[PDB]
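The file work_38.txt contains compact mmCIF, C-alpha atoms and all ligand atoms:
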```txt
# COMPACT_ATOMS: atom_id res chain seq x y z
CA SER A 5 -137.87 51.70 26.88
CA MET A 6 -139.06 53.21 23.62
CA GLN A 7 -140.18 56.44 21.99
CA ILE A 8 -143.80 57.16 21.19
CA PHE A 9 -145.37 60.23 19.65
CA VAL A 10 -148.38 62.21 20.76
CA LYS A 11 -149.86 64.30 17.96
CA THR A 12 -152.12 67.18 18.94
CA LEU A 13 -154.88 68.84 16.96
CA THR A 14 -152.77 72.03 16.84
CA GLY A 15 -149.90 70.93 14.59
CA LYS A 16 -147.65 69.84 17.46
CA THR A 17 -146.11 66.43 18.04
CA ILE A 18 -144.89 65.54 21.53
CA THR A 19 -142.16 62.90 21.84
CA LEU A 20 -142.20 60.75 24.98
CA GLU A 21 -139.98 58.05 26.45
CA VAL A 22 -142.07 55.15 27.72
CA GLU A 23 -142.11 51.40 28.37
CA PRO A 24 -144.78 48.97 27.09
CA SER A 25 -145.80 48.36 30.71
CA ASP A 26 -146.58 52.06 31.34
CA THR A 27 -150.30 52.63 31.97
CA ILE A 28 -152.22 55.32 30.11
CA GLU A 29 -152.30 57.33 33.34
CA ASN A 30 -148.49 57.11 33.55
CA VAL A 31 -148.42 58.47 30.00
CA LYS A 32 -150.74 61.35 30.97
CA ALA A 33 -148.46 62.09 33.95
CA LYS A 34 -145.48 62.23 31.59
CA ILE A 35 -147.39 64.67 29.40
CA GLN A 36 -148.12 66.80 32.47
CA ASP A 37 -144.45 66.72 33.52
CA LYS A 38 -143.23 67.70 30.07
CA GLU A 39 -146.03 69.85 28.64
CA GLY A 40 -147.90 71.24 31.65
CA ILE A 41 -151.32 69.73 30.88
CA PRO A 42 -153.19 68.17 33.84
CA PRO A 43 -154.05 64.51 33.25
CA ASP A 44 -157.76 65.14 33.85
CA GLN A 45 -157.83 67.36 30.73
CA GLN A 46 -156.21 64.73 28.51
CA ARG A 47 -157.92 62.23 26.25
CA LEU A 48 -155.62 59.92 24.32
CA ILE A 49 -156.73 58.12 21.17
CA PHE A 50 -155.06 55.30 19.25
CA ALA A 51 -156.23 53.40 16.16
CA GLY A 52 -159.67 54.97 16.46
CA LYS A 53 -160.40 54.43 20.15
CA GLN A 54 -159.98 56.37 23.38
CA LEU A 55 -157.48 54.74 25.72
CA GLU A 56 -158.54 53.83 29.28
CA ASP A 57 -156.42 55.04 32.20
CA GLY A 58 -155.97 51.68 33.93
CA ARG A 59 -154.68 49.76 30.92
CA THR A 60 -151.15 49.59 29.49
CA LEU A 61 -149.52 50.52 26.19
CA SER A 62 -148.90 46.83 25.47
CA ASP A 63 -152.62 46.13 26.07
CA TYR A 64 -153.48 48.36 23.12
CA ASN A 65 -150.49 46.93 21.28
CA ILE A 66 -148.84 50.32 21.17
CA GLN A 67 -145.29 49.68 19.99
CA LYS A 68 -142.31 51.95 19.41
CA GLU A 69 -142.61 55.10 17.31
CA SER A 70 -146.39 54.65 17.40
CA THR A 71 -148.43 57.87 17.32
CA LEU A 72 -151.18 58.54 19.85
CA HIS A 73 -153.51 61.48 19.44
CA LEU A 74 -154.30 64.07 22.10
CA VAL A 75 -157.70 65.75 22.29
CA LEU A 76 -158.28 68.10 25.22
CA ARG A 77 -161.47 68.23 27.19
CA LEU A 78 -163.14 71.61 27.33
CA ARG A 79 -164.36 73.02 30.66
CA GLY A 80 -165.84 76.51 30.87
CA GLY A 81 -167.34 78.55 33.67
CA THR B 9 -146.45 84.65 3.15
CA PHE B 10 -148.39 86.41 5.91
CA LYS B 11 -146.32 88.38 8.40
CA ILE B 12 -146.28 88.69 12.18
CA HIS B 13 -148.27 91.55 13.71
CA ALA B 14 -148.38 90.61 17.40
CA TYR B 15 -146.13 89.30 20.17
CA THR B 16 -146.32 87.66 23.58
CA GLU B 17 -145.16 89.54 26.68
CA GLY B 18 -141.92 87.57 26.38
CA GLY B 19 -141.41 88.73 22.80
CA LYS B 20 -142.44 85.54 20.99
CA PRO B 21 -144.20 86.05 17.64
CA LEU B 22 -147.93 85.35 17.33
CA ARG B 23 -149.31 84.42 13.91
CA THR B 24 -152.52 86.18 12.87
CA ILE B 25 -155.85 84.44 13.40
CA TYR B 26 -158.52 85.53 10.92
CA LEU B 27 -161.91 85.37 12.62
CA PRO B 28 -165.18 85.53 10.69
CA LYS B 29 -166.92 88.61 12.04
CA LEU B 30 -170.23 86.74 12.07
CA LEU B 31 -168.91 83.97 14.34
CA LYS B 32 -169.88 85.60 17.64
CA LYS B 33 -173.45 86.27 16.53
CA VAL B 34 -173.84 82.85 14.93
CA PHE B 35 -172.63 81.17 18.11
CA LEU B 36 -175.21 83.02 20.20
CA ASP B 37 -177.92 82.04 17.67
CA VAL B 38 -176.93 78.36 17.67
CA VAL B 39 -176.86 78.07 21.47
CA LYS B 40 -179.88 80.28 22.14
CA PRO B 41 -182.06 77.41 23.50
CA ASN B 42 -179.49 76.77 26.23
CA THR B 43 -179.02 80.48 26.97
CA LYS B 44 -182.81 80.77 27.38
CA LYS B 45 -182.74 77.94 29.93
CA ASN B 46 -179.87 79.65 31.76
CA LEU B 47 -177.31 77.03 30.72
CA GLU B 48 -173.80 77.75 29.47
CA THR B 49 -172.67 76.32 26.15
CA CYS B 50 -169.20 75.93 24.66
CA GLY B 51 -167.79 75.61 21.15
CA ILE B 52 -164.48 74.92 19.46
CA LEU B 53 -162.88 77.31 16.95
CA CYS B 54 -161.52 75.16 14.11
CA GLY B 55 -159.51 76.07 11.05
CA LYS B 56 -156.41 75.94 8.89
CA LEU B 57 -152.86 77.23 8.75
CA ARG B 58 -152.13 78.88 5.40
CA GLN B 59 -148.94 80.77 4.50
CA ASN B 60 -148.08 81.65 8.12
CA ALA B 61 -151.56 82.73 9.27
CA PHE B 62 -154.53 80.90 10.76
CA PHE B 63 -158.06 81.00 9.42
CA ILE B 64 -161.04 80.08 11.58
CA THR B 65 -163.42 78.32 9.17
CA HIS B 66 -165.59 76.13 11.39
CA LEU B 67 -167.51 76.64 14.64
CA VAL B 68 -167.95 73.23 16.29
CA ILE B 69 -170.47 72.65 19.07
CA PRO B 70 -169.38 69.40 20.79
CA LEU B 71 -171.37 66.91 22.86
CA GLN B 72 -171.50 68.50 26.30
CA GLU B 73 -173.29 69.22 29.57
CA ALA B 74 -173.87 72.40 31.57
CA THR B 75 -175.31 74.34 34.45
CA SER B 76 -175.92 78.06 34.86
CA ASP B 77 -172.28 78.38 35.95
CA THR B 78 -170.32 75.72 34.01
CA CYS B 79 -170.08 73.84 30.73
CA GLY B 80 -167.95 70.91 29.61
CA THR B 81 -167.40 68.38 26.84
CA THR B 82 -168.60 64.81 27.42
CA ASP B 83 -167.45 62.97 24.28
CA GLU B 84 -164.10 64.14 23.02
CA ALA B 85 -163.73 61.02 20.85
CA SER B 86 -166.67 62.37 18.80
CA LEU B 87 -165.00 65.77 18.51
CA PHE B 88 -161.73 64.09 17.53
CA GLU B 89 -163.46 62.06 14.84
CA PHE B 90 -164.65 65.29 13.23
CA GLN B 91 -161.38 67.21 13.46
CA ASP B 92 -159.25 64.23 12.44
CA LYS B 93 -161.31 63.18 9.44
CA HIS B 94 -161.77 66.80 8.27
CA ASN B 95 -158.14 67.69 9.11
CA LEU B 96 -159.01 70.85 11.07
CA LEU B 97 -156.84 72.51 13.71
CA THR B 98 -158.08 73.61 17.12
CA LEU B 99 -157.45 77.38 17.20
CA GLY B 100 -159.38 78.28 20.32
CA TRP B 101 -162.80 78.06 21.94
CA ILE B 102 -165.89 80.06 22.82
CA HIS B 103 -168.48 79.90 25.60
CA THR B 104 -171.42 81.83 27.09
CA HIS B 105 -171.83 83.48 30.45
CA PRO B 106 -175.64 83.63 30.29
CA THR B 107 -176.03 85.94 33.30
CA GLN B 108 -172.50 86.92 34.30
CA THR B 109 -170.13 89.67 33.24
CA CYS B 110 -167.52 89.19 30.53
CA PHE B 111 -164.29 87.85 32.05
CA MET B 112 -162.17 84.71 32.25
CA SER B 113 -163.11 82.61 35.27
CA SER B 114 -160.84 80.24 37.20
CA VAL B 115 -162.17 77.33 35.14
CA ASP B 116 -161.67 79.32 31.93
CA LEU B 117 -158.02 80.05 32.77
CA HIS B 118 -157.16 76.48 33.76
CA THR B 119 -158.76 75.25 30.55
CA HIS B 120 -157.26 77.85 28.26
CA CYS B 121 -153.74 77.41 29.60
CA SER B 122 -153.59 73.93 28.06
CA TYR B 123 -154.83 75.12 24.67
CA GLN B 124 -152.34 77.99 24.66
CA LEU B 125 -149.47 75.70 25.66
CA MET B 126 -150.36 73.58 22.61
CA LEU B 127 -150.75 76.59 20.30
CA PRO B 128 -149.24 79.92 21.36
CA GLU B 129 -151.89 81.81 19.36
CA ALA B 130 -154.89 79.98 20.92
CA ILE B 131 -157.78 82.29 21.91
CA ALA B 132 -160.75 82.19 24.25
CA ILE B 133 -163.90 84.04 23.27
CA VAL B 134 -166.37 84.85 26.05
CA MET B 135 -169.93 85.97 25.28
CA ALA B 136 -171.96 87.71 28.01
CA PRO B 137 -175.32 88.08 26.33
CA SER B 138 -177.30 89.53 29.25
CA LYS B 139 -174.72 92.35 29.31
CA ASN B 140 -174.43 92.59 25.51
CA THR B 141 -170.67 92.35 25.93
CA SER B 142 -167.98 89.98 24.68
CA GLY B 143 -164.22 89.55 24.86
CA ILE B 144 -161.38 87.67 23.22
CA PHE B 145 -158.72 86.61 25.72
CA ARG B 146 -155.43 84.78 26.17
CA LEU B 147 -153.12 84.16 29.12
CA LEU B 148 -150.10 86.40 29.60
CA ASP B 149 -147.14 84.50 28.14
CA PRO B 150 -144.97 83.48 29.85
CA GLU B 151 -146.13 84.77 33.26
CA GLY B 152 -149.82 83.89 33.17
CA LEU B 153 -149.19 80.43 31.76
CA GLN B 154 -146.58 79.85 34.45
CA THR B 155 -149.01 80.80 37.22
CA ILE B 156 -151.77 78.53 35.97
CA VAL B 157 -149.42 75.58 35.31
CA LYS B 158 -148.11 75.87 38.91
CA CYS B 159 -151.52 76.38 40.50
CA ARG B 160 -152.88 73.67 42.82
CA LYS B 161 -155.45 75.77 44.71
CA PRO B 162 -158.68 73.96 45.70
CA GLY B 163 -162.16 75.05 44.65
CA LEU B 164 -163.78 74.90 41.24
CA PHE B 165 -163.66 78.67 41.21
CA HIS B 166 -160.71 80.22 43.02
CA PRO B 167 -158.97 83.58 42.48
CA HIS B 168 -155.39 84.01 41.21
CA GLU B 169 -152.70 86.49 42.20
CA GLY B 170 -152.50 89.57 40.02
CA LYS B 171 -153.04 89.62 36.29
CA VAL B 172 -152.98 86.22 34.63
CA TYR B 173 -154.72 87.10 31.37
CA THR B 174 -155.39 89.83 28.84
CA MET B 175 -157.56 90.77 25.89
CA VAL B 176 -155.88 89.71 22.66
CA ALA B 177 -154.34 92.34 20.37
CA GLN B 178 -156.65 93.30 17.52
CA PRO B 179 -156.17 93.34 14.63
CA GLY B 180 -152.57 92.27 15.19
CA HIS B 181 -153.25 88.87 16.76
CA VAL B 182 -156.94 88.45 15.88
CA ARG B 183 -158.43 90.27 12.89
CA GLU B 184 -162.17 90.01 12.27
CA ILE B 185 -162.90 89.70 8.57
CA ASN B 186 -165.76 88.87 6.21
CA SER B 187 -165.01 85.22 5.58
CA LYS B 188 -166.75 81.84 5.24
CA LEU B 189 -168.04 80.05 8.36
CA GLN B 190 -169.45 76.53 8.66
CA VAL B 191 -171.30 75.58 11.86
CA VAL B 192 -170.97 71.95 12.98
CA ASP B 193 -173.26 71.06 15.89
CA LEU B 194 -172.51 67.50 17.01
CA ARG B 195 -175.20 67.39 19.71
CA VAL B 196 -177.91 64.73 19.57
CA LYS B 197 -180.77 66.81 20.97
CL CL C 1 -168.01 70.69 7.86
ZN ZN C 2 -166.29 81.66 31.53
ZN ZN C 3 -155.86 78.07 39.76
ZN ZN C 4 -166.28 71.52 6.79
```
Would you write the structure of this file as structure tokens?
Ligand SMILES: [Cl-]
Ligand SMILES: [Zn+2]
Ligand SMILES: [Zn+2]
Ligand SMILES: [Zn+2]
Amino acid sequence: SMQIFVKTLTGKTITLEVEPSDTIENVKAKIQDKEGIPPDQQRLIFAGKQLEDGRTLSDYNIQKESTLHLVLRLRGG
Amino acid sequence: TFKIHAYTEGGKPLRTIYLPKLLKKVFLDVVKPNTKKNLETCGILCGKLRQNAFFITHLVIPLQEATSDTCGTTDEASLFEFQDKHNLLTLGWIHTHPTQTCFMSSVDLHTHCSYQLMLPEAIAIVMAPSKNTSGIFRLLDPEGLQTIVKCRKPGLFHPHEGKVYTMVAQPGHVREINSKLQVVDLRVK
């Protein structure tokens, strides 16, 4: 189990405790638990690409103290 | 160093956001073709933090889709590429209600909650051009944010108990000024 960082576009960095086997959806769930953002609003980006829900941190070779980036979807009505 | 002129309901300080007074009009101009076709359009308010205040400097129109009643981004990676490479903060968002009154809908509140959790000062501008009205809104903090975070009600549009949101304080939270504005429309047609 390791720390990773999620940097927002608002000057905030979220620190998470994860494992390399955690899927991206698990990561989004952790963000919901800690920060209150529904997973369906989250888009995570690492090394220039958007991460797919089904795949794992280790798949994208995300290691410890790596920084992912959070961009929110926008939905209006 | 700029000072604090506004507070949340819980007493937390809100840094000033300086909003170009032309932004609202420019947004309506830029999205006029959609408004004419009775389609909503959204935009991101982007800017910088300088000496304890925020400055909105860019209006970004992201890749998106819409109906008469909804709008939504479809390529956030594209939006991220712009904000990341230009180093611009997300300070809030704007959208049209082409035919409706000026208010924050269920979708608006669920969306804005996340932006405001990530930046306490985050604002939502709503344009209602058929009414010639507009508003700048935020959720009540902490109570409104708490309600929306806890909400699991079904329906794309559902009501919420009591007051969840408010108009922002002006000029204390948002002050409209004569300042530079760049438009960045990322759409491909
Ligand atoms: Cl630009
Ligand atoms: Zn709306
Ligand atoms: Zn709700
Ligand atoms: Zn620029």
Problem set entry | Close residues to ligand CL 1 (chain C) using all atoms listed in the file, limit 8 Å, as a ChimeraX atom specification | /B:66,94,190-192
Collect all residues with atoms no farther than 10 Å from ligand ZN 3 (chain C), counting all atoms listed in the file, and output them as an mmCIF file with C-alpha atoms, in the frame of the given file.
```
data_model
loop_
_atom_site.group_PDB
_atom_site.id
_atom_site.type_symbol
_atom_site.label_atom_id
_atom_site.label_comp_id
_atom_site.auth_asym_id
_atom_site.auth_seq_id
_atom_site.Cartn_x
_atom_site.Cartn_y
_atom_site.Cartn_z
ATOM 1 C CA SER B 113 -163.110 82.610 35.270
ATOM 2 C CA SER B 114 -160.840 80.240 37.200
ATOM 3 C CA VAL B 115 -162.170 77.330 35.140
ATOM 4 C CA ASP B 116 -161.670 79.320 31.930
ATOM 5 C CA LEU B 117 -158.020 80.050 32.770
ATOM 6 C CA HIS B 118 -157.160 76.480 33.760
ATOM 7 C CA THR B 155 -149.010 80.800 37.220
ATOM 8 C CA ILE B 156 -151.770 78.530 35.970
ATOM 9 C CA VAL B 157 -149.420 75.580 35.310
ATOM 10 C CA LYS B 158 -148.110 75.870 38.910
ATOM 11 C CA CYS B 159 -151.520 76.380 40.500
ATOM 12 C CA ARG B 160 -152.880 73.670 42.820
ATOM 13 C CA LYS B 161 -155.450 75.770 44.710
ATOM 14 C CA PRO B 162 -158.680 73.960 45.700
ATOM 15 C CA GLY B 163 -162.160 75.050 44.650
ATOM 16 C CA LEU B 164 -163.780 74.900 41.240
ATOM 17 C CA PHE B 165 -163.660 78.670 41.210
ATOM 18 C CA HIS B 166 -160.710 80.220 43.020
ATOM 19 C CA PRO B 167 -158.970 83.580 42.480
ATOM 20 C CA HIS B 168 -155.390 84.010 41.210
ATOM 21 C CA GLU B 169 -152.700 86.490 42.200
#
```
For this session: Return as a ChimeraX atom specification every polymer residue, whether protein, DNA or RNA, with at least one atom no more than 10 Å from an atom of ligand ZN 2 (chain C); count all atoms listed in the file.
Result: /A:79-81 /B:48-50,77-79,102-106,108-117,119,132-136
Problem set entry | Protein and nucleic residues near ligand ZN 4 (chain C), 12 Å, all atoms listed in the file, as a ChimeraX atom specification | /B:54-56,64-68,90-97,188-193
Those same residues - C-alpha atoms - I'd like them written as a PDB file, in the coordinates of the input.
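And here's part_1.pdb as it stands now:
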```pdb
ATOM      1  CA  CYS B  54    -161.520  75.160  14.110  1.00  0.00           C
ATOM      2  CA  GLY B  55    -159.510  76.070  11.050  1.00  0.00           C
ATOM      3  CA  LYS B  56    -156.410  75.940   8.890  1.00  0.00           C
ATOM      4  CA  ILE B  64    -161.040  80.080  11.580  1.00  0.00           C
ATOM      5  CA  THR B  65    -163.420  78.320   9.170  1.00  0.00           C
ATOM      6  CA  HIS B  66    -165.590  76.130  11.390  1.00  0.00           C
ATOM      7  CA  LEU B  67    -167.510  76.640  14.640  1.00  0.00           C
ATOM      8  CA  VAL B  68    -167.950  73.230  16.290  1.00  0.00           C
ATOM      9  CA  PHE B  90    -164.650  65.290  13.230  1.00  0.00           C
ATOM     10  CA  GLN B  91    -161.380  67.210  13.460  1.00  0.00           C
ATOM     11  CA  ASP B  92    -159.250  64.230  12.440  1.00  0.00           C
ATOM     12  CA  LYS B  93    -161.310  63.180   9.440  1.00  0.00           C
ATOM     13  CA  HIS B  94    -161.770  66.800   8.270  1.00  0.00           C
ATOM     14  CA  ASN B  95    -158.140  67.690   9.110  1.00  0.00           C
ATOM     15  CA  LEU B  96    -159.010  70.850  11.070  1.00  0.00           C
ATOM     16  CA  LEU B  97    -156.840  72.510  13.710  1.00  0.00           C
ATOM     17  CA  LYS B 188    -166.750  81.840   5.240  1.00  0.00           C
ATOM     18  CA  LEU B 189    -168.040  80.050   8.360  1.00  0.00           C
ATOM     19  CA  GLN B 190    -169.450  76.530   8.660  1.00  0.00           C
ATOM     20  CA  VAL B 191    -171.300  75.580  11.860  1.00  0.00           C
ATOM     21  CA  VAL B 192    -170.970  71.950  12.980  1.00  0.00           C
ATOM     22  CA  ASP B 193    -173.260  71.060  15.890  1.00  0.00           C
TER      23      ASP B 193
END
```
For this session: Can you check which residues of chain A have any atom within 9 Å of chain B? Use all atoms listed in the file and format it as a PyMOL selection string.
Result: chain A and resi 12-16+39-42+45+47-49+52-54+73-81
Problem set entry | Close residues, residue 72 in chain A itself excluded, 12 Å, all atoms listed in the file, min 2 positions apart in chain, as a PyMOL selection string | chain A and resi 7-13+17-20+28+31-32+35+46-55+61+64-70+74-75
Exercise. Can you tell me how far CA of residue 175 in chain B sits from CA of residue 146 in chain B, in Å to one decimal?
Worked result: 6.4 Å
Exercise. Can you tell me, as a PyMOL selection string, what residues are no more than 7 Å from range 20-30 of chain B when counting only C-alpha atoms, ignoring any on the same chain fewer than 2 positions away?
Worked result: chain B and resi 12-16+18+32-34+60-64+128-129+180-189
Dump as a PDB file, in the coordinates of the input, selection limited to C-alpha atoms:
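The file below, again.pdb, is the result:
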```pdb
ATOM      1  CA  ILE B  12    -146.280  88.690  12.180  1.00  0.00           C
ATOM      2  CA  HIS B  13    -148.270  91.550  13.710  1.00  0.00           C
ATOM      3  CA  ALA B  14    -148.380  90.610  17.400  1.00  0.00           C
ATOM      4  CA  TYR B  15    -146.130  89.300  20.170  1.00  0.00           C
ATOM      5  CA  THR B  16    -146.320  87.660  23.580  1.00  0.00           C
ATOM      6  CA  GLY B  18    -141.920  87.570  26.380  1.00  0.00           C
ATOM      7  CA  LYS B  32    -169.880  85.600  17.640  1.00  0.00           C
ATOM      8  CA  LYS B  33    -173.450  86.270  16.530  1.00  0.00           C
ATOM      9  CA  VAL B  34    -173.840  82.850  14.930  1.00  0.00           C
ATOM     10  CA  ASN B  60    -148.080  81.650   8.120  1.00  0.00           C
ATOM     11  CA  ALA B  61    -151.560  82.730   9.270  1.00  0.00           C
ATOM     12  CA  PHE B  62    -154.530  80.900  10.760  1.00  0.00           C
ATOM     13  CA  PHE B  63    -158.060  81.000   9.420  1.00  0.00           C
ATOM     14  CA  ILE B  64    -161.040  80.080  11.580  1.00  0.00           C
ATOM     15  CA  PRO B 128    -149.240  79.920  21.360  1.00  0.00           C
ATOM     16  CA  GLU B 129    -151.890  81.810  19.360  1.00  0.00           C
ATOM     17  CA  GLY B 180    -152.570  92.270  15.190  1.00  0.00           C
ATOM     18  CA  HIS B 181    -153.250  88.870  16.760  1.00  0.00           C
ATOM     19  CA  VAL B 182    -156.940  88.450  15.880  1.00  0.00           C
ATOM     20  CA  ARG B 183    -158.430  90.270  12.890  1.00  0.00           C
ATOM     21  CA  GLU B 184    -162.170  90.010  12.270  1.00  0.00           C
ATOM     22  CA  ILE B 185    -162.900  89.700   8.570  1.00  0.00           C
ATOM     23  CA  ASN B 186    -165.760  88.870   6.210  1.00  0.00           C
ATOM     24  CA  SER B 187    -165.010  85.220   5.580  1.00  0.00           C
ATOM     25  CA  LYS B 188    -166.750  81.840   5.240  1.00  0.00           C
ATOM     26  CA  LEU B 189    -168.040  80.050   8.360  1.00  0.00           C
TER      27      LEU B 189
END
```
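Between CA of residue 138 in chain B and CA of residue 39 in chain B lies a distance of 13.9 Å.
Across the model, the gap from CA of residue 141 in chain B to CA of residue 53 in chain B is 19.2 Å.
Considering all atoms listed in the file, the residue among A:36, A:5, A:24, A:29 positioned nearest to residue 58 in chain A is A:29.
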